[PDB]
Amino acid sequence: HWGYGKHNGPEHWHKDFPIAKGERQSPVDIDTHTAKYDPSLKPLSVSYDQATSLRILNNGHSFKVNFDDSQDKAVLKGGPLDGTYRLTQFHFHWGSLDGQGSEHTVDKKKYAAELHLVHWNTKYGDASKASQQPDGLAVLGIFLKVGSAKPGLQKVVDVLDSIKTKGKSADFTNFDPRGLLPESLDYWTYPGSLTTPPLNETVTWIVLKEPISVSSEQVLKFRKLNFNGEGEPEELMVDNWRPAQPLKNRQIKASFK
Ligand SMILES: NS(=O)(=O)c1cc(C(=O)O)c(Cl)cc1Cl
Ligand SMILES: [Zn+2]
């Protein structure tokens, strides 16, 4: 029932998900002048060499690639994290135009899209249990700007016409998420939430400073997806982003400079 339209969009979500007006909601605006360099952050470790992708799916609100997380294959450690977080899926948020699409903003600037690599704390055994714990999830967020093509994204864009409508899935094995990362692992970090219902306040956000560049042709392919199921009125899947939420009593910490 929830979505991104006038009648079911982010301003409505609080009726079914009252935590929408909570104390640690995401996304937020990252005020780069107010964020404090934190010398106690350990190096961030993105270890994706053994990642095992499975399937790609149109879920009616985004498209998602899932991974085999039955063992420690692709993990995130270090930075603000304690222990080991396993990669379970990635998805994206994007706009109708190149100047909007991202969920996080940087001094109020919106990027064309945002990649979320979703990970869960292995001390909780499974992703369901992890998603109910204050330190259960970690999302590595990566901004996309339009410019030069991103080669490591092209395999994703080329399969999207096989999952046009809600509920469609396709095989998506042997995909390497290392091809989605920028050069720098400089980041901002803060405690927050899922940006989609049920908006659980269980996420350590790690947002990279350096965007990746993607071509206009790559982002245009994202905008050909549909929110609707096959044989319903066609509604293009665009502007599937939640706007910035109040920071409230939270500090954003920077890993750099
Ligand atoms: N946008 S987000 O906050 O990364 C997020 C989205 C989803 C979703 O698939 O919609 C899930 Cl299950 C978990 C997280 Cl953590
Ligand atoms: Zn997301």
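Residues numbered from 1 in each chain as written, not as in the entry; some residues may be left out. Chains lettered and ligands numbered in written order. Heavy atoms only, no water. Residues with missing side-chain atoms left out of burial classes, pairs and counts.

Going by the header, the method for this PDB entry is X-ray crystallography, and the resolution given is 1.62 Å.

## Digging into the site of ligand 1
For ligand 1, the full set of nearby residues is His 61, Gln 89, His 91, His 93, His 116, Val 118, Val 139, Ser 193, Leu 194, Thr 195, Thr 196 and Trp 205. One nitrogen or oxygen atom from the side chain of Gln 89 is found 3.2 Å from an oxygen atom belonging to ligand 1. With respect to ligand 1, the side chain of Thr 195 contributes an N or O atom lying 2.8 Å from a nitrogen atom. Protein burial of ligand 1: of its 390 Å² of free accessible surface, 84% is covered by the chains. In terms of residue count, the dominant contributor to the shell around ligand 1 is strand β7 (residues 85–94) (3 residues). Tallied by class, residues from the shell around ligand 1 come to 4 nonpolar, 8 polar and no charged. (Near = heavy atom within 4 Å. Polar contact = N/O pair within 3.5 Å; in protein donor to acceptor, adjacent residues only side chain to side chain. Areas by Shrake-Rupley, 256 points an atom, 1.4 Å probe, with all protein chains shown as cover. Helix = DSSP H or I, 4+ residues; strand = E, 2+ residues; numbered from the N terminus. Nonpolar A, V, L, I, M, F, W, Y, C, P; charged D, E, K, R; others polar.)

## Considerations on the pattern of salt bridges
All chains considered together, the criterion is met by 8 salt bridges. The salt bridge involving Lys 73 is made with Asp 68; its shortest N-O contact spans 3.1 Å. The class for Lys 73 is partly exposed, based on a relative accessible area of 22%. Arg 86 is paired through a salt bridge with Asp 72; the nearest N and O atoms lie 2.5 Å apart. You can see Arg 86 sitting in strand β7 and its partner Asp 72 sitting in the loop between β5 (63–67) and β6 (75–78), a full 14 residues away along the chain. (Salt bridge = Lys/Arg side-chain N within 4 Å of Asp/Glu carboxyl O. Buried < 20%, exposed > 50% of the residue type's maximum accessible area, 1.4 Å probe, protein only.)

## So, the UniProt feature "binding site: Zn(2+)" in the protein
UniProt's entry tags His 91, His 93 and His 116 with the feature "binding site: Zn(2+)", counted in the numbering of this structure. Look at the named residues: they lie 26 residues apart in sequence, but the longest C-alpha span between them is just 8.2 Å, so in the fold they bunch up. For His 91, a relative accessible area of 13% puts it in the buried group. If near-sequence neighbours (up to four positions away) are discounted, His 91 is found in contact with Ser 62, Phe 63, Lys 64, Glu 114, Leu 115, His 116 and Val 118. At 3.3 Å, the side chain of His 91 and the side chain of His 93 are in polar contact. For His 93, the location among the structural elements is in strand β7. Look past the residues within four positions of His 93 in its chain and what remains in contact with it is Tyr 4, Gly 101, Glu 103, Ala 112, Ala 113, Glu 114, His 116, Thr 195, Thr 196, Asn 240 and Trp 241. (UniProt positions renumbered as here; feature names shortened; annotations may be inferred. Contact = heavy atoms within 4.5 Å.)

## Side note on the coordination of the zinc ion (ligand 2)
In this structure, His 91 (NE2), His 93 (NE2) and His 116 (ND1) serve as the protein donors to the zinc ion (ligand 2), at separations of 2.0 to 2.1 Å. Angles of 98 to 118 degrees at the metal separate the 4 donor atoms of the zinc ion (ligand 2), which places the site in the tetrahedral class. If you list the donors of the zinc ion (ligand 2) from N- to C-terminus, the spacing comes out as H-x1-H-x22-H. Here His 116 lies in strand β9 (residues 113–121) and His 93 lies in strand β7, a separation of 23 residues in the sequence. (Donors = N, O, S within 2.8 Å, 3.2 Å for Na, K, Ca; no water. Tetrahedral: all angles 85-135°; square planar, octahedral: opposite > 155°, others 65-115°.)

## Details of the environment of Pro 246
Mapped onto the secondary structure, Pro 246 falls in the loop between α3 (216–222) and β15 (253–254). On the accessibility criterion, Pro 246 (47% relative accessible area) is partly exposed. With 220 residues separating them along the chain, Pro 246 and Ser 26 place their C-alpha atoms 8.4 Å apart.

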